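Novice: Here's my sequence, what's the structure:
(chains A, B, C, D, E and F, ligands or ions: 1)
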Amino acid sequence: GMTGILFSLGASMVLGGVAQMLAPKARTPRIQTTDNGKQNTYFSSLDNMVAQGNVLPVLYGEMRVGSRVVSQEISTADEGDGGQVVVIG
Amino acid sequence: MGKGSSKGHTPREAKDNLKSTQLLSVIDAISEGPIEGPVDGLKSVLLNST
Amino acid sequence: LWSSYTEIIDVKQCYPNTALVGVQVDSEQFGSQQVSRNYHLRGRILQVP
Amino acid sequence: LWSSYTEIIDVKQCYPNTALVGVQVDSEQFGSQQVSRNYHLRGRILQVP
Amino acid sequence: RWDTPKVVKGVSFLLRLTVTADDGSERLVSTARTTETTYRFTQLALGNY
Amino acid sequence: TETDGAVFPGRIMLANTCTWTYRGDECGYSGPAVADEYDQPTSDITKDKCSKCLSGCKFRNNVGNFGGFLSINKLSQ
Ligand code: SF4
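Specialist: Numbering: from 1, shown residues only, chains lettered A, B, ... in the order given. Dropping the coordinates below:
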């Protein structure tokens, strides 16, 4: 039959802000004291990380950025890139 | 010396044949509003904890 | 004189769908520390109208 | 012989209400690393009765 | 020996030495990354470099 | 469209194990049955399964499409 207790809630939503009623607002990261006073970006990683915990990232334009290193290895090089020009002295 | 502005120096010691030495210069902001000077003279400046 | 010879086989494990860059540097003029690599790349190919 | 002469202008931007210290050191006897500056200062002038 | 130019934070000096070859090419002899302004080379042979 | 309990970037990057399906559009295998849930030879299509380890790829002669980077020692060394 009747459907009582509508309990309009237009007032309650504004209590947290009005700009949030049209925009979810961007999330912000936390500040680590150990990382001096630098502010972490949520959409750029200049430092080159380690390929393990960090998920395979995604790029969307420009941004000279680092990477996730998969294999680092140091050995002894060859004397000569190619061809017959192989002088040493 | 305290008051509102102060300066101090120590005698430079070098010479011993013509050379060229570096000079690091840095500005530091400590606090806000009218502060007081160091408890003692120029000694209060601690470089590498000395 | 002739010394040991070495037969080497490279990696056959191709990377299916991940962008990768392999860099080899003599690393003589670099310092005892590591070297940071940055790459000024473009974006990802998207499906556009 | 005469060599290049340089006309230098210092900072005209003054700091209105911030305490500051400027330190210049020859930085030769120090190590290749940076140097930490710690200052032993008093407190702030308060509106005491 | 040289002087220290305008600098931010801190600097090091990287110096390399090359030797002109008989045909006209170049040969690199060693390299050094240092902090002191003055450097010395010892036991050099051949001619121009 | 509800997005409860989901994470955006859905890759594990690397492990000792593969991280895809079997006979999908990325594994790219279409041959006869050779292996099962474990590392046991078989020749029936009903029990075709891949352990998603290196041994499975060696069995199926398809290693270039393996989704596990063989680092291991980057975490140790
Ligand atoms: S392991 Fe090799 S075979 Fe088994 S699924 Fe991943 S890719 Fe296809």
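Novice: Can you tell me which residue of chain A sits closest to chain B?
Specialist: Of all residues in chain A, the one sitting closest to chain B is residue A:37 (12.7 Å; C-beta to the nearest C-beta). For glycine as for every other residue, the C-beta is placed from the backbone atoms N, C-alpha and C.
Novice: what about that residue, helix or strand, and which?
Specialist: Using DSSP states H and E, residue A:37 is not contained in any helix or strand.
Novice: same question, residue F:74
Specialist: Element membership for residue F:74, per DSSP H and E: helix F:73-76.
Novice: is that helix anywhere near chain A?
Specialist: Yes - residues of helix F:73-76 contacting chain A under C-beta under 8 Å from any C-beta of the partner chain: F:74, F:75.
Novice: and that helix, C-alpha only, in CSV?
Specialist: Extracted C-alpha coordinates of helix F:73-76, given in CSV (Å, rounded to 0.1, in the frame of the first residue of the first chain):
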residue,chain,number,x,y,z
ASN,F,73,68.5,-14.2,-8.7
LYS,F,74,67.6,-10.5,-9.0
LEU,F,75,65.8,-10.8,-5.6
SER,F,76,68.8,-12.6,-4.0
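Novice: ok, now how distant is the residue of chain A closest to chain B from chain C?
Specialist: Distance, residue A:37 to chain C, by C-beta to the nearest C-beta, to the nearest Å: 21 Å.
Novice: just residue F:73 next, same as before
Specialist: Residue F:73 sits 15 Å away from chain C, going by C-beta to the nearest C-beta.
Novice: How about residue F:55?
Specialist: Shown here: residue F:55 relative to chain C, a distance of 14 Å by C-beta to the nearest C-beta.
Novice: so that residue sits in a helix?
Specialist: Yes - according to DSSP: H, G, I helix; E, B strand; the rest coil, residue F:55 belongs to a helix.
Novice: Can you report how many residues neighbour residue 6?
Specialist: Chain wasn't specified; assuming chain A. When neighbours are defined as other C-beta atoms under 10 Å in any protein chain shown, residue A:6 has 6 of them.
Novice: Switch to chain C, please.
Specialist: Neighbours of residue C:6 under the rule other C-beta under 10 Å: 4.
Novice: Of all the residues in chain F, which one is nearest chain D?
Specialist: residue F:77 (26.5 Å).
Novice: ditto for chain E
Specialist: Residue of chain E nearest chain D, by C-beta to the nearest C-beta: residue E:35 (4.7 Å).
Novice: count of neighbours near that residue?
Specialist: Using other C-beta under 10 Å, residue E:35 has 11 other residues around it.
Novice: List the contacts of the residue nearest the centre of chain B.
Specialist: For chain B, the residue sitting closest to the mean C-alpha position, by C-alpha atoms, centre = their mean, is residue B:45 at 6.2 Å. Contact analysis of residue B:45 by C-beta atoms under 8 Å, 6 or more residues apart in numbering or on different chains lists B:38, D:21, D:23, D:37, D:39.
Novice: List buried residues within those residues.
Specialist: B:38, D:21 (16 or more other C-beta atoms under 10 Å in any protein chain shown).
Novice: Of the contacts of residue B:45, just say which sits nearest to residue C:13.
Specialist: residue D:37 (52.2 Å; C-beta to C-beta).
Novice: re earlier: which ones among the contacts of residue B:45 map onto strands?
Specialist: With strands taken from DSSP state E, the overlap with the contacts of residue B:45 comprises D:21, D:23, D:37, D:39.
Novice: got JSON lines for these, with distance to the ligand too?
Specialist: Converted to JSON lines, the ones in strands among the contacts of residue B:45 look like this (distance: C-beta to the nearest ligand atom, whole Å):
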{"residue": "D:21", "distance to the ligand": "63"}
{"residue": "D:23", "distance to the ligand": "61"}
{"residue": "D:37", "distance to the ligand": "57"}
{"residue": "D:39", "distance to the ligand": "61"}
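Novice: The residues you listed: which two are farthest apart?
Specialist: Within the ones in strands among the contacts of residue B:45, D:23 and D:39 form the most distant pair, 9.1 Å apart (C-beta to C-beta).
Novice: which residues do those two both contact?
Specialist: When contacts are counted by C-beta under 8 Å, 6+ apart, residue D:23 and residue D:39 have B:28, B:45 as shared neighbours.
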